[PDB]
Amino acid sequence: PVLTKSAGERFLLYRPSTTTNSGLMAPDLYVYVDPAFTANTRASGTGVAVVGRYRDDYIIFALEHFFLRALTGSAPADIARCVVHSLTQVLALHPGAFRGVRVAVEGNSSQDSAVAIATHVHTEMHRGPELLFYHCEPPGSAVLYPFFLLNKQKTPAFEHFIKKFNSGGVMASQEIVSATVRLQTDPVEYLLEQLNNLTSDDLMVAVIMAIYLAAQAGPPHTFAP
């Protein structure tokens, strides 16, 4: 019961309308993708979060809990198409708001598969805001790969999130985007069910890590239109 019920209820209910308060947003989007490369399993979901700064708080613009079709020949591109579709919708809902989107693809599962996802995201997004990837120089290597390795930074990320969430500093956009969590359950309600397991975690990890990335930060605001 790490996150208090009271903060959880407020997270569900009070959702700033981002499309009409764009002046309160920071001009950078942060996205984290926590991939699972299997199908026909309950822990085979890929988590995606796109978040940003709202005043000095953090707001979620989109969520995905994506399940590979079994025996596709293009799992990384299927995941990439999912994240690109999410981003696009977020971009279209807030036109001209963002100067940068920064994308982290967790590579713990497979570095090559994470790189492939980044490459497809890179290419598809090529059809304004600049797109950057988090890069990682694996131990013993001089190469900078466009994936993120989750290790020592997990405990600080979780610790900061819990403190921010409990004090009312993390919220969801009233016009939060989700293609994968729309028909069966409310995306914010679904995320909160995963979050209340703190003591399948792809969505929770993506959200907490996307926010941790945004939390290393700067000082301008999106324009007011």
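First residue shown is number 1, and so on along the chain.
Recorded method is X-ray crystallography, 2.5 Å.
Every residue, even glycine, has its Cβ placed from backbone N, Cα and C.
Copied from Swiss-Prot, the annotated features are:
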| type | residues | note |
| --- | --- | --- |
| ACT_SITE | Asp34 | active site, for nuclease activity |
| ACT_SITE | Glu106 | active site, for nuclease activity |
| ACT_SITE | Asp202 | active site, for nuclease activity |
Gap length 19 residues; flanking Cα-Cα distance, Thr199 to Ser200, Å: 14
Residues that sit under 8 angstroms from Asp202 (active site, for nuclease activity) by C-beta distance, when 6+ apart in the chain: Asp34, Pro35, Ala36, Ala43, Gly45, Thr46, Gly47, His65
Fewest Cβ neighbours within 10 Å, where candidates are the active-site residues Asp34, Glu106: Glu106
